[PDB]
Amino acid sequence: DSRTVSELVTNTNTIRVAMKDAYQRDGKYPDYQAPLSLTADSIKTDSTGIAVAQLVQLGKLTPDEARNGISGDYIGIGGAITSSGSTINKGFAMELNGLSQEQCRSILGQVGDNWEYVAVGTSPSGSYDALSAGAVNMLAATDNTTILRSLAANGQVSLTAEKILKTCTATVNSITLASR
């Protein structure tokens, strides 16, 4: 469903800018609070510190821009680290869950170059496996199948069509995008 993919791709850009704008004054980004309890009602009211709910409450996102229309979940957003021994979320990460191989490849080809960190996982609809385990390590080494691009030494990898074919190789795929 190309309309849904297109919407998610366009939204990814809006979320990136929203996060940078909202949390520039602070100098660091919020911890992950799962968005999996949110509904089309409570995206507008939730007070537990879920990033996408905060961006909606700030007017930076509409309620639908916060939602992954492929998985049916509100989009997961958590912290990311920018140095090896750090406890501070100097970056942020968003995860796009529940993607078929074809959806994953389409999205990667349309957004992957816009981010400093790009990883592919297998998080299903209903789960955010890349964010629920703590801040994302933006310095993870790149490899063929899972960490595509990162802030690591030699992590600035060109996301060629052939490299994208080497990933999203699972039945159910997910993409994690992170930035300073």
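The first residue of the sequence shown is number 1, and the count goes up from there.
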{"item": "63-71 or 144-152, whichever carries the higher mean Cα B-factor", "value": "144-152"}
{"item": "Comparing 135-143 with 37-45, the one whose average Cα B-factor in the PDB entry is higher", "value": "37-45"}
{"item": "Options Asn89, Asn97, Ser100, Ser84 - largest CA temperature factor per the record", "value": "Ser84"}
{"item": "Highest recorded Cα temperature factor - choice among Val9, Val172, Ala18, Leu159", "value": "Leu159"}
{"item": "Chain-wide C-alpha B factor ranking for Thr122, given as lowest, middle or highest third", "value": "middle"}
